[PDB]
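> Data file work.txt (compact mmCIF, C-alpha atoms) is appended below.
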# COMPACT_ATOMS: atom_id res chain seq x y z
CA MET A 1 -78.38 -20.49 -37.78
CA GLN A 2 -79.56 -17.53 -35.70
CA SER A 3 -77.50 -16.39 -32.73
CA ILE A 4 -79.23 -15.04 -29.64
CA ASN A 5 -78.06 -14.06 -26.14
CA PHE A 6 -79.12 -15.54 -22.80
CA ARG A 7 -81.39 -12.68 -21.72
CA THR A 8 -83.34 -13.20 -24.94
CA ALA A 9 -83.28 -17.00 -24.79
CA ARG A 10 -84.76 -16.85 -21.29
CA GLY A 11 -86.99 -13.81 -21.71
CA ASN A 12 -88.37 -14.99 -25.06
CA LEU A 13 -88.18 -18.77 -24.66
CA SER A 14 -91.68 -19.35 -26.09
CA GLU A 15 -90.89 -17.60 -29.37
CA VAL A 16 -87.50 -19.30 -29.56
CA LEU A 17 -89.18 -22.71 -29.36
CA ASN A 18 -91.51 -21.59 -32.16
CA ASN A 19 -88.59 -20.63 -34.40
CA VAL A 20 -87.11 -24.03 -33.59
CA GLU A 21 -90.27 -26.05 -34.20
CA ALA A 22 -90.41 -24.37 -37.62
CA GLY A 23 -87.02 -25.95 -38.35
CA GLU A 24 -84.60 -23.19 -37.38
CA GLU A 25 -81.31 -23.75 -35.54
CA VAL A 26 -80.77 -21.28 -32.70
CA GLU A 27 -77.42 -20.68 -31.02
CA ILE A 28 -77.56 -19.30 -27.51
CA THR A 29 -74.46 -17.34 -26.56
CA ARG A 30 -73.56 -16.55 -22.95
CA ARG A 31 -71.21 -13.94 -21.52
CA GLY A 32 -67.96 -15.81 -20.84
CA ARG A 33 -69.29 -19.29 -21.61
CA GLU A 34 -69.48 -21.85 -24.40
CA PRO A 35 -72.44 -21.43 -26.78
CA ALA A 36 -75.34 -23.88 -26.77
CA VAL A 37 -77.70 -24.86 -29.58
CA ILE A 38 -81.43 -25.41 -29.46
CA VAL A 39 -82.98 -27.47 -32.25
CA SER A 40 -85.94 -29.74 -32.99
CA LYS A 41 -85.54 -33.16 -31.38
CA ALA A 42 -86.64 -34.98 -34.53
CA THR A 43 -83.93 -33.23 -36.55
CA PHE A 44 -81.38 -33.80 -33.80
CA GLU A 45 -82.28 -37.47 -33.44
CA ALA A 46 -82.22 -37.78 -37.23
CA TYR A 47 -78.67 -36.43 -37.26
CA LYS A 48 -77.78 -38.83 -34.44
CA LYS A 49 -79.31 -41.83 -36.22
CA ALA A 50 -77.56 -40.94 -39.48
CA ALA A 51 -74.23 -40.59 -37.69
CA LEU A 52 -74.92 -43.95 -36.04
CA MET B 1 -68.03 -20.26 -61.72
CA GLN B 2 -64.49 -19.08 -62.43
CA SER B 3 -61.75 -21.70 -62.24
CA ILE B 4 -58.14 -21.15 -61.18
CA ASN B 5 -55.16 -23.28 -60.21
CA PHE B 6 -53.47 -23.48 -56.79
CA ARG B 7 -50.61 -21.13 -57.65
CA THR B 8 -52.88 -18.42 -59.04
CA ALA B 9 -55.04 -18.60 -55.91
CA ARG B 10 -52.09 -18.45 -53.50
CA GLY B 11 -50.58 -15.47 -55.33
CA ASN B 12 -53.89 -13.65 -55.73
CA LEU B 13 -55.80 -14.77 -52.63
CA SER B 14 -56.93 -11.27 -51.66
CA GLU B 15 -58.62 -10.41 -54.96
CA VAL B 16 -60.06 -13.93 -55.13
CA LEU B 17 -61.79 -13.34 -51.78
CA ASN B 18 -63.00 -9.96 -53.03
CA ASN B 19 -64.56 -11.76 -55.99
CA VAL B 20 -66.19 -14.31 -53.69
CA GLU B 21 -67.62 -11.60 -51.44
CA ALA B 22 -68.95 -9.86 -54.54
CA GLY B 23 -71.17 -12.90 -55.11
CA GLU B 24 -68.97 -15.30 -57.08
CA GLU B 25 -68.03 -18.95 -56.49
CA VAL B 26 -64.42 -19.80 -57.27
CA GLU B 27 -62.97 -23.21 -58.05
CA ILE B 28 -59.42 -24.04 -57.06
CA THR B 29 -57.86 -26.85 -59.04
CA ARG B 30 -54.86 -28.84 -57.87
CA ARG B 31 -52.76 -31.18 -60.00
CA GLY B 32 -53.50 -34.74 -58.93
CA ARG B 33 -56.06 -33.64 -56.36
CA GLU B 34 -59.79 -33.09 -55.95
CA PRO B 35 -60.88 -29.51 -56.72
CA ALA B 36 -61.98 -27.21 -53.91
CA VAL B 37 -64.44 -24.34 -54.00
CA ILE B 38 -64.52 -21.03 -52.14
CA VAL B 39 -67.84 -19.30 -51.54
CA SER B 40 -69.28 -16.65 -49.23
CA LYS B 41 -70.03 -18.04 -45.78
CA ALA B 42 -73.64 -16.88 -45.89
CA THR B 43 -74.19 -18.55 -49.26
CA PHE B 44 -72.59 -21.77 -48.04
CA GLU B 45 -74.67 -21.93 -44.87
CA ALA B 46 -77.88 -21.30 -46.82
CA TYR B 47 -77.18 -24.15 -49.27
CA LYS B 48 -76.06 -26.52 -46.52
CA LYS B 49 -79.20 -25.83 -44.50
CA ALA B 50 -81.51 -26.35 -47.48
CA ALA B 51 -79.68 -29.58 -48.29
CA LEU B 52 -79.99 -30.84 -44.72
CA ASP B 53 -83.65 -29.87 -44.46
CA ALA B 54 -84.34 -32.00 -47.54
CA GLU B 55 -82.17 -35.00 -46.64
CA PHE B 56 -81.81 -34.69 -42.83
CA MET C 1 -66.33 -25.33 -38.32
CA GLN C 2 -62.60 -24.67 -38.48
CA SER C 3 -61.85 -20.95 -38.72
CA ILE C 4 -58.64 -19.25 -39.78
CA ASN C 5 -57.56 -15.71 -40.63
CA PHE C 6 -56.38 -14.45 -44.01
CA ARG C 7 -52.65 -14.40 -43.27
CA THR C 8 -52.87 -18.00 -42.09
CA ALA C 9 -54.86 -19.12 -45.12
CA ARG C 10 -52.35 -17.63 -47.55
CA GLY C 11 -49.29 -19.06 -45.79
CA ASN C 12 -50.70 -22.55 -45.21
CA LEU C 13 -52.94 -22.98 -48.25
CA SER C 14 -51.59 -26.38 -49.31
CA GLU C 15 -52.25 -27.82 -45.85
CA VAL C 16 -55.62 -26.04 -45.93
CA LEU C 17 -56.58 -27.67 -49.23
CA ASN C 18 -55.44 -31.05 -47.91
CA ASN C 19 -57.70 -30.59 -44.88
CA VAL C 20 -60.62 -29.59 -47.11
CA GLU C 21 -60.14 -32.56 -49.45
CA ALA C 22 -60.36 -34.82 -46.41
CA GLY C 23 -63.86 -33.48 -45.74
CA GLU C 24 -62.99 -30.45 -43.63
CA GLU C 25 -64.95 -27.22 -43.98
CA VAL C 26 -62.70 -24.21 -43.45
CA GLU C 27 -63.80 -20.67 -42.70
CA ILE C 28 -61.53 -17.86 -43.79
CA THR C 29 -61.98 -14.61 -41.87
CA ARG C 30 -60.80 -11.15 -42.86
CA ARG C 31 -60.59 -7.91 -40.88
CA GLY C 32 -63.49 -5.64 -41.79
CA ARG C 33 -64.73 -8.14 -44.37
CA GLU C 34 -67.28 -10.95 -44.72
CA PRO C 35 -66.05 -14.50 -44.07
CA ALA C 36 -65.54 -17.03 -46.85
CA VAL C 37 -65.76 -20.81 -46.75
CA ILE C 38 -63.53 -23.25 -48.61
CA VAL C 39 -65.00 -26.70 -49.17
CA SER C 40 -64.55 -29.62 -51.55
CA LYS C 41 -66.22 -28.90 -54.88
CA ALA C 42 -67.93 -32.29 -54.84
CA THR C 43 -69.50 -31.60 -51.45
CA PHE C 44 -70.60 -28.10 -52.47
CA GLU C 45 -72.09 -29.35 -55.74
CA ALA C 46 -74.02 -32.00 -53.80
CA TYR C 47 -75.32 -29.49 -51.25
CA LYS C 48 -76.69 -27.13 -53.89
CA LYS C 49 -77.95 -30.02 -55.99
CA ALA C 50 -79.92 -31.20 -52.97
CA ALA C 51 -81.15 -27.63 -52.45
CA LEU C 52 -82.23 -27.24 -56.08
CA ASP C 53 -84.02 -30.58 -56.11
CA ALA C 54 -85.83 -29.80 -52.86
CA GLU C 55 -87.53 -26.90 -54.64
CA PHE C 56 -87.11 -27.87 -58.30
Transcribe the structure of this file into structure tokens.

Amino acid sequence: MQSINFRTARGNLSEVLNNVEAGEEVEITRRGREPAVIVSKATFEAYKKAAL
Amino acid sequence: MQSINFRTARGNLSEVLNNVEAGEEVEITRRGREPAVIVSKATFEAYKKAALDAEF
Amino acid sequence: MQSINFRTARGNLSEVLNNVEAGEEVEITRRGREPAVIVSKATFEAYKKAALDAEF
């Protein structure tokens, strides 16, 4: 799980989505905020289905 | 994989972690309990990700 | 994942191993060192097994 900052997430969003489509899990950190995660929807929905 | 009991681990935790960081996996056994394992974080995340990617 | 420092791991190891046996993954951090993970041996074996088999 790669960690990246906001400036990069925004400035490089196209390449981040590529990394993600390839199956990578990307954490976006923000100065003074909770971290988010970007991931493939299929994977995410698969996790959600499995949990449900 | 080396195997040690609870007491040995508790009394030697520092060197145990040094062994794990060096590239080793260490099993901790506990009387009447399921065994645990301690492994480098990077190694654990790698295995977990490869397991998920296969299963989902 | 749950994350604790070395001093805390060593002084609460029994409760840590109980947590892990109940399915919890616990990260142990150390100052100036790489983090370790403690997880049930069964879970870890299954993760790597699933990683092996994915490749073969």
> Work out how far CA of residue 29 (chain C) is from CA of residue 36 (chain B), in Å to one decimal.
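CA of residue 29 (chain C) lies 17.4 Å from CA of residue 36 (chain B).
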> Would you list which chain A residues are within 10 Å of chain B using only C-alpha atoms, as a ChimeraX atom specification?
/A:1,23-25,42-47,50
> Give me, please, the distance in Å between CA of residue 19 (chain C) and CA of residue 41 (chain B), quoted to one decimal.
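One can read the CA of residue 19 (chain C) to CA of residue 41 (chain B) distance as 17.6 Å.
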> For a test of reading the model, state the distance in Å between CA of residue 27 (chain B) and CA of residue 39 (chain C), rounded to one decimal.
9.8 Å
> With a distance cut-off of 10 Å and all atoms listed in the file, select the neighbouring residues of residue 24 (chain C), excluding the residue or stretch itself and same-chain residues fewer than 2 positions from it, and output the selection as a ChimeraX atom specification.
/C:1-2,16-22,26-27,38-40
> Skipping near chain neighbours, those fewer than 4 positions away, what residues fall within 9 Å of region 4-10 of chain A using all atoms listed in the file, listed as a VMD selection string?
chain A and resid 14 to 16 26 to 31
> So which one's closest to chain C, B:25, B:37, B:42, B:8? Using only C-alpha atoms, please.
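Among the listed residues, B:37 lies closest to chain C.
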> When you count all atoms listed in the file, which of these residues is closest to residue 23 (chain B): B:11, B:48, B:43, B:54?
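That would be B:43, the residue with the smallest distance to residue 23 (chain B).
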